Amino acid sequence: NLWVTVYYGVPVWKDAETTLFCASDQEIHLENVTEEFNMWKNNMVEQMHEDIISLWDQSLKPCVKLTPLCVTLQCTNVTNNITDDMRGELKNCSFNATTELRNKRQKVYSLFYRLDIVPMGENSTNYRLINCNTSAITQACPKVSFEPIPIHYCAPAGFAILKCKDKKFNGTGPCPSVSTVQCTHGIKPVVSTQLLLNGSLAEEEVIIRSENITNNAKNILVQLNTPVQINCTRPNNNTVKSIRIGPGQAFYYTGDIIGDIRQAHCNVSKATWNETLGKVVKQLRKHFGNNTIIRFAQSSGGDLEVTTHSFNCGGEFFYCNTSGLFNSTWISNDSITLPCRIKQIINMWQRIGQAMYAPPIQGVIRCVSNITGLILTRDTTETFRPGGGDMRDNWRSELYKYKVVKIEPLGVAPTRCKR
Amino acid sequence: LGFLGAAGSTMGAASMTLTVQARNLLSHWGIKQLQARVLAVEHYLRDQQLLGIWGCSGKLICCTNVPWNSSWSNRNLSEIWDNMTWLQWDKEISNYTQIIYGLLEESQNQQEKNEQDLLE
Amino acid sequence: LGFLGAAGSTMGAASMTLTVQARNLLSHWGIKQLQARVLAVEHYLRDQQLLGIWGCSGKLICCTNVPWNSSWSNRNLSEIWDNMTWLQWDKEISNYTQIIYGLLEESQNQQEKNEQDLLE
Amino acid sequence: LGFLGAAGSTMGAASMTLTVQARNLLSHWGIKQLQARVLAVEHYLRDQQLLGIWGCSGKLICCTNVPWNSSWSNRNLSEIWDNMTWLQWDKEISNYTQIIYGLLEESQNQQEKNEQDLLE
Amino acid sequence: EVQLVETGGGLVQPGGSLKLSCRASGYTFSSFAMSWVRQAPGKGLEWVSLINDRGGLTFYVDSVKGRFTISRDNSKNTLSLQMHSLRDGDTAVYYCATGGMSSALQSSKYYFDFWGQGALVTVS
Ligand SMILES: *[C@@H]1O[C@H](CO)[C@@H](O[C@@H]2O[C@H](CO)[C@@H](O[C@@H]3O[C@H](CO)[C@@H](O)[C@H](O[C@H]4O[C@H](CO)[C@@H](O)[C@H](O)[C@@H]4O)[C@@H]3O)[C@H](O)[C@H]2NC(C)=O)[C@H](O)[C@H]1NC(C)=O
Ligand SMILES: *[C@@H]1O[C@H](CO)[C@@H](O[C@@H]2O[C@H](CO)[C@@H](O)[C@H](O)[C@H]2NC(C)=O)[C@H](O)[C@H]1NC(C)=O
Ligand SMILES: *[C@@H]1O[C@H](CO)[C@@H](O[C@@H]2O[C@H](CO)[C@@H](O)[C@H](O)[C@H]2NC(C)=O)[C@H](O)[C@H]1NC(C)=O
Ligand SMILES: *[C@@H]1O[C@H](CO)[C@@H](O[C@@H]2O[C@H](CO)[C@@H](O)[C@H](O)[C@H]2NC(C)=O)[C@H](O)[C@H]1NC(C)=O
Ligand SMILES: *[C@@H]1O[C@H](CO)[C@@H](O[C@@H]2O[C@H](CO)[C@@H](O)[C@H](O)[C@H]2NC(C)=O)[C@H](O)[C@H]1NC(C)=O
Ligand SMILES: *[C@@H]1O[C@H](CO[C@@H]2O[C@@H](C)[C@@H](O)[C@@H](O)[C@@H]2O)[C@@H](O)[C@H](O)[C@H]1NC(C)=O
Ligand SMILES: *[C@@H]1O[C@H](CO[C@@H]2O[C@@H](C)[C@@H](O)[C@@H](O)[C@@H]2O)[C@@H](O)[C@H](O)[C@H]1NC(C)=O
Ligand SMILES: *[C@@H]1O[C@H](CO[C@@H]2O[C@@H](C)[C@@H](O)[C@@H](O)[C@@H]2O)[C@@H](O)[C@H](O)[C@H]1NC(C)=O
Ligand SMILES: *[C@@H]1O[C@H](CO[C@@H]2O[C@@H](C)[C@@H](O)[C@@H](O)[C@@H]2O)[C@@H](O)[C@H](O)[C@H]1NC(C)=O
Ligand SMILES: *[C@@H]1O[C@H](CO[C@@H]2O[C@@H](C)[C@@H](O)[C@@H](O)[C@@H]2O)[C@@H](O)[C@H](O)[C@H]1NC(C)=O
Ligand SMILES: *[C@@H]1O[C@H](CO[C@@H]2O[C@@H](C)[C@H](O)[C@@H](O)[C@@H]2O)[C@@H](O)[C@H](O)[C@H]1NC(C)=O
Ligand SMILES: *[C@@H]1O[C@H](CO)[C@@H](O)[C@H](O)[C@H]1NC(C)=O
Ligand SMILES: *[C@@H]1O[C@H](CO)[C@@H](O)[C@H](O)[C@H]1NC(C)=O
Ligand SMILES: *[C@@H]1O[C@H](CO)[C@@H](O)[C@H](O)[C@H]1NC(C)=O
Ligand SMILES: *[C@@H]1O[C@H](CO)[C@@H](O)[C@H](O)[C@H]1NC(C)=O
Ligand SMILES: *[C@@H]1O[C@H](CO)[C@@H](O)[C@H](O)[C@H]1NC(C)=O
Ligand SMILES: *[C@@H]1O[C@H](CO)[C@@H](O)[C@H](O)[C@H]1NC(C)=O
Ligand SMILES: *[C@@H]1O[C@H](CO)[C@@H](O)[C@H](O)[C@H]1NC(C)=O
Ligand SMILES: *[C@@H]1O[C@H](CO)[C@@H](O)[C@H](O)[C@H]1NC(C)=O
Ligand SMILES: *[C@@H]1O[C@H](CO)[C@@H](O)[C@H](O)[C@H]1NC(C)=O
Ligand SMILES: *[C@@H]1O[C@H](CO)[C@@H](O)[C@H](O)[C@H]1NC(C)=O
Ligand SMILES: *[C@@H]1O[C@H](CO)[C@@H](O)[C@H](O)[C@H]1NC(C)=O
Ligand SMILES: *[C@@H]1O[C@H](CO)[C@@H](O)[C@H](O)[C@H]1NC(C)=O
Ligand SMILES: *[C@@H]1O[C@H](CO)[C@@H](O)[C@H](O)[C@H]1NC(C)=O
Ligand SMILES: *[C@@H]1O[C@H](CO)[C@@H](O)[C@H](O)[C@H]1NC(C)=O
Ligand SMILES: *[C@@H]1O[C@H](CO)[C@@H](O)[C@H](O)[C@H]1NC(C)=O
Ligand SMILES: *[C@@H]1O[C@H](CO)[C@@H](O)[C@H](O)[C@H]1NC(C)=O
Ligand SMILES: *[C@@H]1O[C@H](CO)[C@@H](O)[C@H](O)[C@H]1NC(C)=O
Ligand SMILES: *[C@@H]1O[C@H](CO)[C@@H](O)[C@H](O)[C@H]1NC(C)=O
Ligand SMILES: *[C@@H]1O[C@H](CO)[C@@H](O)[C@H](O)[C@H]1NC(C)=O
Ligand SMILES: *[C@@H]1O[C@H](CO)[C@@H](O)[C@H](O)[C@H]1NC(C)=O
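About the cut-offs
- Residues numbered from 1 in each chain as written, not as in the entry; some residues may be left out.
- Chains lettered and ligands numbered in written order.
- Part of a larger assembly, values for the part shown.
- Heavy atoms only, no water.
- Residues with missing side-chain atoms left out of burial classes, pairs and counts.
- Helix = DSSP H or I, 4+ residues; strand = E, 2+ residues; numbered from the N terminus.
- Buried < 20%, exposed > 50% of the residue type's maximum accessible area, 1.4 Å probe, protein only.
- Areas by Shrake-Rupley, 256 points an atom, 1.4 Å probe, with all protein chains shown as cover.
- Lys, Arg positive; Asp, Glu negative; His and termini not counted.
- Charge placed at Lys NZ, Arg CZ, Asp CG, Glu CD.
- Least-squares fit on C-alpha atoms.
- Contact = heavy atoms within 4.5 Å.
- Buried area = accessible area lost by both parts, 1.4 Å probe.
- Salt bridge = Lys/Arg side-chain N within 4 Å of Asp/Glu carboxyl O.
- Polar contact = N/O pair within 3.5 Å; in protein donor to acceptor, adjacent residues only side chain to side chain.
- Nonpolar A, V, L, I, M, F, W, Y, C, P; charged D, E, K, R; others polar.
- Near = heavy atom within 4 Å.
- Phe/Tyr/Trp six-rings, centres within 6.5 Å; stacked < 30°, edge-to-face > 60°.
- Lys NZ or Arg CZ within 6 Å of the ring centre and 35° of its normal.
- Axes fitted to C-alpha atoms, helices over the stretch in contact; angles between N-to-C directions.
- Parallel < 35°, antiparallel > 145°, perpendicular 65-115°, else oblique.
- Left-handed = near helix turned anticlockwise from the far one by under 90°.
- Pairing = 2+ DSSP bridges.
- Disulfide = S-S within 2.5 Å.

What follows covers the overall build of chain A. A tally of helices and strands in chain A yields four helices and 31 strands. With the C-alpha coordinates of chain A rotated into their principal frame, the extents come out at 95 × 60 × 35 Å. The 419 residues of chain A split such that 50% are buried. As presented, chain A carries roughly 19600 Å² of accessible surface, and 45% of it is formed by carbon and sulfur atoms. In chain A, which carries 44 positive and 36 negative side-chain charges, the distance between the mean positions of the two groups comes to 3 Å.

Residues and elements named next belong to chain A. A positive phi angle, close to 85°, is found at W40, a residue other than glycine. Inspection of the secondary structure puts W40 in the loop between strand 5 (35-38) and helix 1 (43-60). Take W40: its relative accessible area is 14%, and that puts it in the buried class. The backbone of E122 sits at a positive phi, close to 55°, despite the residue not being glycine.

With that settled, the discussion passes to the relation of the copies chain B and chain D. Structural alignment of chain B on chain D gives an RMSD of 0.2 Å, achieved by rotating through 120° and translating 0.0 Å along the axis. In the structure described here, the two chain copies are related by an operation that fits a three-fold rotation axis. Ranked by how close their C-alpha atoms come to the rotation axis, the residues of chain B are headed by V38(B), at 4.0 Å.

Listed as interface residues are 19 residues of chain B and, on the opposing side, 18 residues of chain D. Contact with chain D buries area across many residues of chain B, yet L45(B), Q49(B) and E112(B) alone supply 29% of it, more than any other trio. Along the contact surface separating chain B from chain D lie two salt bridges. Linking chain B with chain D are six residue pairs in polar contact. Of all the elements in the fold, those that place two or more residues in the side of chain B that touches chain D are helix 3 (31-53) and helix 6 (97-118) of chain B. Counting residues per element, the side of chain B that touches chain D draws most heavily on helix 3 of chain B, which supplies 12 residues. Among the residues making up the side of chain B that touches chain D, the classes are represented as eight nonpolar, seven polar and four charged.

Okay, the site of ligand 3 next. Residue and element names in this part refer to chain A. Around ligand 3, a shell composed of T72, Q74 and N96 is seen. Take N96: an N or O atom from its side chain is 2.3 Å from an oxygen atom of ligand 3. Surface burial for ligand 3 is 28%, taken as the share of its 570 Å² of free accessible area covered by protein chains.

For the structure shown, the criterion picks out 39 salt bridges over all chains. The closest approach of N and O atoms between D334(A) and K270(A), which form a salt bridge, is 3.5 Å. Assessed through its relative accessible area of 44%, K270(A) is described here as partly exposed. The residue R75(D) makes a salt bridge to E92(D) at a minimum N-O spacing of 3.0 Å. Of this pair, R75(D) sits in the loop between helix 3 (31-53) and helix 4 (77-83) while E92(D) sits in helix 5 (residues 86-92), and the two are 17 residues apart along the sequence. Owing to a relative accessible area of 37%, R75(D) belongs among the partly exposed residues under this scheme. Through salt bridges with shared partners, a single ionic network connects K167(A), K168(A), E204(A) and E205(A).

All names here are of chain A. The final tally for this structure, using the stated rule, is 32 aromatic pairs over all chains. Ring centres of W56 and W349 lie 6.0 Å apart, and the angle between their planes is 85°; this geometry places the pair in the edge-to-face category. In terms of burial, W56 and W349 fall into one category: buried. Seen in terms of ring centroids, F146 and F317 are 5.9 Å apart; in terms of plane orientation they differ by 75°. Their pairing is edge-to-face. Separated by 171 residues along the polypeptide, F146 in the loop between strand 11 (138-139) and strand 12 (152-154) and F317 in strand 23 (residues 316-320) bring together distant segments of the chain. Among the residues examined, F317 registers a relative accessible area of 5% and is labelled buried. Grouped by ring-pair contacts, the aromatic residues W56, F146, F317, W349 and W395 constitute a single cluster. Between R209 and the ring centre of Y400, over which it is positioned, the NZ or CZ distance is 3.9 Å.

This part takes up the packing of helix 3 (residues 31-53) of chain C against helix 3 of chain D. Running from amino to carboxyl end, helix 3 of chain C crosses helix 3 of chain D at an angle of 30°, the nearest separation of the two axes being 11 Å. Classified by the angle their axes make, helix 3 of chain C and helix 3 of chain D are roughly parallel. Read as a crossing pair, helix 3 of chain C and helix 3 of chain D show a hand that is left-handed. Contact residues: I31(C), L34(C), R37(C), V38(C), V41(C), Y44(C) and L45(C) in helix 3 of chain C; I31(D), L34(D), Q35(D), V38(D), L39(D), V41(D), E42(D), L45(D) and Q49(D) in helix 3 of chain D. For the contact of helix 3 of chain C with helix 3 of chain D, the class distribution of residues is 12 nonpolar, two polar and two charged.

To continue, consider the pairing of strand 1 (residues 3-8) of chain A. Counted residue by residue, strand 1 of chain A has six buried out of six residues, so it is predominantly covered. By the alternation rule, side chains of strand 1 of chain A split into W3(A), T5(A) and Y7(A) and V4(A), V6(A) and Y8(A), which are all buried. Inspection of the sheet shows strand 1 of chain A paired to strand 1 (residues 61-67) of chain B by four bridges, in the antiparallel sense. Among the inter-strand pairings, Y7(A) is bridged to a residue of strand 1 of chain B, identified as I61(B). When strand 1 of chain A meets strand 31 (residues 410-415) of chain A, the two strands line up antiparallel, connected through six bridges. Bridge pairing in strand 31 of chain A links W3(A) to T415(A).

Before going further, it helps to spend a moment on the interface of chain A and chain B. Counting from both sides, the interface comprises 40 residues of chain A and, opposite them, 54 residues of chain B. Carbon and sulfur atoms make up 69% of the surface buried where chain A meets chain B, a total of about 4400 Å² over both sides. Counting the surface chain A buries against chain B, the share from its top three residues, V4(A), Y8(A) and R419(A), is 20%. For the interface between chain A and chain B, the tally reads two salt bridges. As a salt-bridge pair, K14(A) and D90(B) come within 2.5 Å of each other at their nearest N and O atoms. At the boundary of chain A and chain B, one finds 18 residue pairs in polar contact.

Glancing now at the arrangement of the chains. There are eight pairs of chains in contact here; the most contacts are made by chains A and B. Structurally, chain A and chain D remain out of contact, their C-alpha atoms never closer than 15 Å. There is a gap between chain D and chain E: no contact, and a shortest C-alpha distance of 21 Å.

Our next topic: the sheet that holds strand 7 (residues 68-73) of chain E. Residues and elements named next belong to chain E. Sheet architecture is open: four strands sit in the order 1-3-8-7, paired in antiparallel fashion. Two strands close off the open sheet at either side, each with one partner strand: strand 1 (3-6) and strand 7. Averaged over neighbouring strand pairs, the angle between their axes works out to 15° when direction is ignored. Two elements, strand 7 and strand 8 (residues 78-84), share six bridges in a ladder whose sense is antiparallel. Bridge pairing in strand 8 links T69 to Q82.

As a further point, take the state of the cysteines. All names here are of chain A. Counting across every chain of the model gives 13 disulfides over all chains. At a sulfur-sulfur separation of 2.0 Å, the disulfide partner of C63 is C141. With the S-S dihedral at roughly -125°, the linkage between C63 and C141 falls on the left-handed side. Here the residue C63 occupies a position in the loop between helix 1 and strand 6 (73-76), and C141 occupies one in the loop between strand 11 and strand 12, the gap between them amounting to 78 residues. Of the residues examined, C63 reaches a relative accessible area of 5% and is grouped as buried.

In structure tokens form, the structure reads like this:
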């Protein structure tokens, strides 16, 4: 009775993995489409991860290498007014630098943070840079900013990106309101650890997302519905000097400090932070029991890169101690000041064979940012601690609402039409 | 009314937007993008080749001579065309697709041969 | 008698060399050349897709059922085909190109539905 | 029964596996592989364009209005289709391929013009 | 309840023209094909013309093929028939009917589901 009819241009799709392309300086509602989303299995995250790392490395390709500085350094204490918090933090080091001509040398001195140098043979006088035994260091170019300029991800023809508009969506399962977009919104590649900065806020409620909430081996991503403002500063007036170490190759360093030496720090409002945690606790009790205890605690261990809040503040790299933010037990104009360490020799990505030197910045630095989310881990009484060592989690917090599908325009159905 | 706008509509309604979707199939750093463009073209051409083999070249709606088997789907016309979306339909008959395609190919080969004989 | 040789001739003469031009549409260091080749292919395919949508697949000259509007151009047939070159003509009506293309698409969609019903 | 399985069979047998071969035409380190893929696509498209020019678009077997010249080959049909393979035939008439193609193109140009006048 | 109401003409001279129309209500007009069926005063039923639900396809009985026009308007739920040259043999009741065809993706019809009461057309 019925015959096969072939149709082309049918609005059908399948989950797919393809290459997305970037764009930098449009939406169809799909009224009755319900689709299933699954963050953590989202391959857009992997592409963002690889593109950021690749572009990062490309930016250092033409920059000055600091191998000509892997020499012994003679280091003495700094001749200034140093507060208790800064004792032993800085060292004044002298060394023999190469210069423009191979048969000449120059004696240069500079200030270094203690965290960037390592003593040799337990000799107080002799120290060397941390990277000298491991891979050679490269100086970042002073002309290149670290500004997290947003990237939009666009689909190639034949593919489409679906966006989940459900305000209460927790990252997985059916999404009742799905729209098609040509390209994603711009996502700022902000790099940080335990606290997420300058991201998107939840529309209505704090949302707790986890691949498996009852599995303590998983990280918990918490999206806030309100920002917490954080004020970070390094209140030390740095005089920056430079030398030539090679044929058109300049090295930048802190020459000296004008005025007193104080510790870098970040401030949050005490009450705002307390209200924010109360909301997080309230939502955790929907996965955990009601008559329970939720305790917050400081990171249990590991290196500075995973036990602190790491971020780029105006080009400098800060490592802030958050124990003052996660020290409370919740049972059924003050501010919090977080001390910060500064490092010039960093690895950025959790890699072994690369190391970058961040040139010092002239003057005094202040940056203001929004805390838009947290990365927590879990140990009656449940204990939660800051985590965030893996960068892919930062990107998941923005990409969770997008999915890539392939269009499959050809199909068949019975009709009463025959040739 | 835009691309995939009818995705949530029933099959009998979605079938009126076939040109909307058809037109959105075509349009070291930079290589992965070059590869994506090449691949998209090869995909496109395979579907066009297949329509050609089945005798549906040049048209979006093609009637054939292959009868529908109730074993693939026993739903009736109202049940399908005015009730289901294309996404639902595609899932229902996915197992039986590569059977249908084989039948369409065989049918066309016989038709072309018969036409050739009728032209002697 | 070669490629574009008829470009300065009138429309009614130039129309007899359509195969000459159709055949000249197809055929880090080296990458910019691959990009040019891929784009030449995508351009070609988009024009072929469009002829397909309009029901002109497989032919260089195609009649349609869309009437000509006097508002696009009110010149008569001698003005257009006995004199006038194709370059001049394209400039004259370039502002109506999208209107005409939209009409051609609509016409073919209606044609396909009527054909399908006549076969049931 | 697979790709080129009929290569050793006679023309009258091999003509029945045309879809087997047609479907096997489509699908810094890595660049030379893209060059091969881009080129394979362009090759494919040129053959399709040529069939379009001759008025054989969309079909694997196409009859034309160009008569066969005994000067190209004076063998009879029972000899060619039953006691010869396609490889042998291709060699036998390799010197007339361009002549034949030219005639097929001219025939279609006349055919399109005649159809256009009949639709007046 | 489905209602088809003819609002036709009256007495017309041979060789003239007369237009009939039918208003429909109670169903989705656009979902059905429609036709006109004629009944001469002393005869049975005869099919005259058929039109597609989208208004694109029309069919006629040979005897009126070059004389009658059948049309449709889906925004006004209206069916219409324009008759020319009005032969004496065209005197009949003209009934508005729903059915006679369906389109591709629909189940088949090939019978008439609903009838109006009919306009009487008389040729002098
Ligand atoms: C979270 O978002 C906030 C808001 O966007 C962001 O704060 C901004 O930080 C940038 C620095 O990264 C500030 O930009 C500077 O502004 C001063 C004053 O006008 C300029 O003098 C600076 O110019 C120097 O540096 C440039 C390179 O960045 C060079 O090109 C130039 O030649 C100079 O050497 C520079 O423009 C910006 O003003 C603030 N915005 C506000 C409102 O304070 C914060 O950093 C983000 N947080 C994180 C972790 O990303
Ligand atoms: C770092 O060490 C250098 C070298 O000893 C200090 O520079 C000298 O400072 C004295 C005053 O105390 C001057 O008279 C010399 O002329 C300076 N020498 C040079 C080469 O500039 C420098 O002050 C020390 N800086 C700190 C912060 O301890
Ligand atoms: C920087 O260079 C100077 C001069 O090259 C080094 O001075 C050394 O001083 C002692 C004291 O007499 C001498 O015994 C050495 O001969 C000098 N070294 C050499 C090899 O010239 C100084 O040690 C160098 N500083 C560093 C830490 O590299
Ligand atoms: C972070 O909070 C501290 C207080 O703990 C602020 O320090 C005060 O700043 C004012 C204004 O300059 C001084 O008069 C006070 O003497 C400072 N108090 C102390 C204990 O040092 C600090 O300014 C805040 N700021 C940030 C991040 O910019
Ligand atoms: C942040 O500072 C606190 C001190 O205020 C450090 O916590 C101390 O760690 C030692 C060694 O485990 C314990 O003996 C002390 O009892 C802890 N003090 C308090 C008040 O709990 C903490 O390790 C620092 N964290 C980071 C990332 O630097
Ligand atoms: C189509 O069939 C309808 C009844 O459907 C019943 O339930 C579905 C889910 C199937 O299991 C089917 O086999 C069952 O019979 C009828 O009500 C409807 O009138 C039928 N329509 C047509 C056009 O035949
Ligand atoms: C013919 O054109 C009339 C004039 O309208 C103008 O031209 C059209 C093509 C548009 O560009 C419009 O914006 C201009 O103002 C139309 O009013 C008329 O409906 C058209 N008729 C037909 C049959 O196409
Ligand atoms: C076709 O038009 C010829 C030229 O007509 C004049 O010039 C054109 C550009 C318009 O401005 C028009 O209004 C002018 O009258 C006529 O000589 C020729 O006879 C016309 N063809 C026919 C069949 O009438
Ligand atoms: C048929 O062919 C005749 C001979 O043409 C010549 O020989 C052939 C084999 C080719 O090499 C060709 O290029 C040579 O010119 C022509 O004289 C004759 O006109 C052709 N036929 C017909 C039927 O018109
Ligand atoms: C086809 O030809 C067969 C062989 O004929 C001879 O050899 C060929 C190659 C030519 O040179 C020809 O002139 C010779 O006479 C015949 O045995 C066979 O019967 C022919 N087929 C038909 C249908 O006549
Ligand atoms: C119609 O289908 C009958 C049973 O179905 C056969 O086995 C299943 C598992 C396959 O999915 C299906 O494609 C097969 O056809 C056959 O016995 C019968 O021969 C088929 N009839 C026609 C005309 O194809
Ligand atoms: C350094 O500290 C001492 C007190 O220990 C103080 O007398 C001296 O003035 C300070 N130096 C400067 C430059 O203020
Ligand atoms: C130099 O600083 C260290 C702390 O890193 C301290 O133990 C030592 O006593 C200081 N020596 C002098 C001479 O100030
Ligand atoms: C570099 O030296 C430190 C301090 O002795 C040591 O812990 C580290 O393993 C060494 N790294 C390499 C690559 O040798
Ligand atoms: C912080 O939140 C406020 C909300 O009013 C917004 O205006 C501001 O731009 C946000 N700042 C950043 C850095 O995102
Ligand atoms: C997210 O919501 C889905 C709803 O189907 C539920 O199955 C899943 O367990 C939830 N996960 C979390 C972390 O809330
Ligand atoms: C989720 O975590 C629990 C531990 O609480 C484990 O038993 C279960 O198998 C996990 N399920 C999945 C799908 O990972
Ligand atoms: C951060 O600085 C802003 C002004 O830039 C001020 O209004 C706000 O109160 C400060 N927050 C804290 C915690 O000090
Ligand atoms: C934080 O919340 C607790 C709730 O028990 C309350 O007792 C405490 O006073 C609050 N602190 C601030 C700064 O609001
Ligand atoms: C937990 O408390 C909320 C109110 O905050 C209530 O709606 C919910 O039913 C309680 N759940 C249990 C298991 O008691
Ligand atoms: C945590 O709070 C207690 C008071 O309840 C205080 O004694 C302790 O020092 C605090 N810990 C940190 C790291 O600030
Ligand atoms: C740092 O010291 C210099 C001395 O020339 C002065 O001009 C500049 O304003 C100071 N900057 C800050 C941020 O204190
Ligand atoms: C979605 O379903 C409703 C009925 O619940 C229908 O009225 C509407 O037209 C449908 N939307 C689309 C795009 O088909
Ligand atoms: C969908 O199928 C059910 C089967 O019970 C039927 O009752 C309903 O009317 C159908 N809807 C449409 C739009 O055909
Ligand atoms: C195909 O067959 C498998 C057999 O396990 C079944 O699970 C699946 O749902 C079928 N899909 C269809 C009906 O297309
Ligand atoms: C160019 O125009 C002249 C008339 O001025 C005509 O004779 C000639 O054939 C035309 N040439 C071409 C290529 O159209
Ligand atoms: C074509 O002929 C007409 C009528 O003689 C004339 O008005 C027009 O200017 C000529 N053409 C061109 C293309 O300039
Ligand atoms: C096409 O549109 C432009 C912009 O309005 C106008 O200047 C030009 O004259 C128009 N061309 C024609 C042929 O109408
Ligand atoms: C090969 O030749 C033999 C006769 O010697 C024939 O029977 C066989 O079918 C031929 N092979 C093919 C593929 O036709
Ligand atoms: C080849 O010709 C002979 C006669 O000479 C005939 O018997 C045979 O059947 C023909 N061949 C084939 C391969 O069918
Ligand atoms: C084709 O032409 C060449 C001369 O270029 C000649 O040697 C060869 O024999 C010809 N082929 C045939 C099948 O006659």
